[PDB]
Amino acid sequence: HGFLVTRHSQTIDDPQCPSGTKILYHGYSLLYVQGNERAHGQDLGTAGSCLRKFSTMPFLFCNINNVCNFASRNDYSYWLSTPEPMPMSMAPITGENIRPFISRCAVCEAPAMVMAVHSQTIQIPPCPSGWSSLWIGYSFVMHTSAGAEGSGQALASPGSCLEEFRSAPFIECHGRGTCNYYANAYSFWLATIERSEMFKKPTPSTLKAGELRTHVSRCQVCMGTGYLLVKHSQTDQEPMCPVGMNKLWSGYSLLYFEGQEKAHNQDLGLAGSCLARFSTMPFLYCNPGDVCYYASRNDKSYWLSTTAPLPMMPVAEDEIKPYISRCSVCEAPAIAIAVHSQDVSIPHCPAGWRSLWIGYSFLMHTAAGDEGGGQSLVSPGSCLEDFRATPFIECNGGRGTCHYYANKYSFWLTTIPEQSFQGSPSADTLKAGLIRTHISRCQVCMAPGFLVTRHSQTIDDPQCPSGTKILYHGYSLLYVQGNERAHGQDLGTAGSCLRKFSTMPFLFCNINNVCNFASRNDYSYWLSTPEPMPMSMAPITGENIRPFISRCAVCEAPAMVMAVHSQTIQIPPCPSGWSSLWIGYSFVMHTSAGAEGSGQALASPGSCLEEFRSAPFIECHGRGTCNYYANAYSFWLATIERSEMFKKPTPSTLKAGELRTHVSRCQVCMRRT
């Protein structure tokens, strides 16, 4: 069916594909990139973390004036690293001296899906019954470096299970060709939690060389038939698995971690959002000097919550339990997806598809600072059965307490009374019994196969590619920005294809159970068409917006689909056993207002746009206006010569007529069945 597993050696040698899997290609271990000071990661369990060609600057950026710049500002790349020591000078490494520092990786095709399980103890967690073992490791969850930017791993992804513990598991590289370790490069790991300690104030620990792994959770990567379904009860009782679905485990509903004031979220539809053991501080962090700190600074955790009444002051220890939502992870015979109506009407499941539950369209959230995160709209995690203005609670780390604070926001897709296009939303403030008719509805449904999403980048619906069948058409949503926090929908997922357009397709709700729609200064971003910008350069409003918005198709596929990238001007061939759906250009990330943005998974078809555009997306506002602004940046994978991988990038500024000469090419492929 085309499942993939990616393995990282954390040495200069290629890792072997785990028993029962077969090699597709090898590469270098890409952790994340940082462009215009915004980080965008690649999950280490996915093929996008494995790049065939290294470079300290593997991407470039383009502006709306059709000018692209390569290695010509101040951007970063980050790579998993080897045991190689820092040179005694502690000065940045350049050229071929970089090579001994970069981890290698393997992309392998598995016969069945692959996941990680975590013990939250020093013991190895066993694989689920009937699942086969691929490797064991240490629970790696997130990381931060320059600017305290960073990214993290999904806790059910193999990428959260590193086979070698390192206080310094990654190295920082710069567009100018330098790489080094820096004292603020932090690695975050799941900590060991005793069941008896779950609802006690954490005992802080400062750990040094020789005792570090004593507090690091262990993991095992496992392969098994079927798929995973995750349910969150939003109550203090574990949910029941649907009829016929064996339960793997129950736990506590984890929404996100905050380390160094940087959120790292778990998708509520994935098993990483269901943690078996609760703590107000379930992780620790290490600096590169082999010193780790558990519950010894000012970090926090966030959990989906129950209807337990708002406390007057923070709750401590065992008073926390009634507040924490519970979850169950279940073995499913097919992949569950969410469908959203953007309407008062509940959306029906497609004909023949088994329905699992009905809910409300939960999109994103913010709390302390402007940190937060959001859900994938094709994930069941975006469909909460119970609407709640405040669906999560904050747990303040080493304090051992949890509380509701006034800056907690939830964001929900809105109902839209128009059949499909809302260019001029009307602001409103909603309370009490007037809220729910403005919250989009959803249903979670079991799909018979797989989904491929395609974007025309024109006003015309795209055709479904060969071997796939249309499910629905819509508009190309790139990301949203709520309360100054950006949240994307991967362009390879059905969440980037919305049946209804609005310049403001969401609203937000506060601790006082008041919701505000199109009343503040929030944004939506959409892939756009070749429609020329107006000569006036003034914002576009209302019905005049329609010619600018790209259309999309969501299609049913008989097998899995992926993107591969050449990092050259040549088209990369599809892997053996895979056939071609389309070709395009390697699209990595983007920023716009406030330098916020999002990006694509490099193994996702969403990182392979069929039409190169220096300005591939348009910015819209709750005010009912859209425009192209001069700070809209698109980032693409750069072309790299194998012989020059480790040499200093040669900076280049490209103009119209030579843009696509330095843009990596890609192909989208589906496993032949």
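Numbering starts at 1 and follows the sequence shown.
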Next on the checklist: Using only C-alpha atoms and the B-factors in the entry, which stretch averages higher, 23-31 or 55-63?
Outcome noted: 23-31
Item to check | Mean C-alpha B-factor comparison - 274-282 and 309-317, higher one | outcome: 309-317
Item to check | Residue, from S502, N74, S579, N512, that the PDB entry assigns the highest Cα B-factor | outcome: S579
Checklist entry - Which of these, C395, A406, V452, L413, has its C-alpha atom at the highest B-factor, as the entry lists it? => result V452
Next on the checklist: Splitting the chain's C-alpha B-factors into thirds, which one does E164 fall into?
Outcome noted: middle
Next on the checklist: Considering every modelled residue of the chain and its Cα B-factor in the PDB entry, is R176 in the lowest, middle or highest third?
Outcome noted: middle
Checklist entry - By its CA B factor, does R38 count among the lowest, middle or highest third of the modelled residues in the chain? => result lowest
Item to check | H118 - which third its CA temperature factor falls in, relative to the rest of the chain | outcome: middle
Checklist entry - Going by the entry, which third of its chain does the Cα temperature factor of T529 land in? => result middle
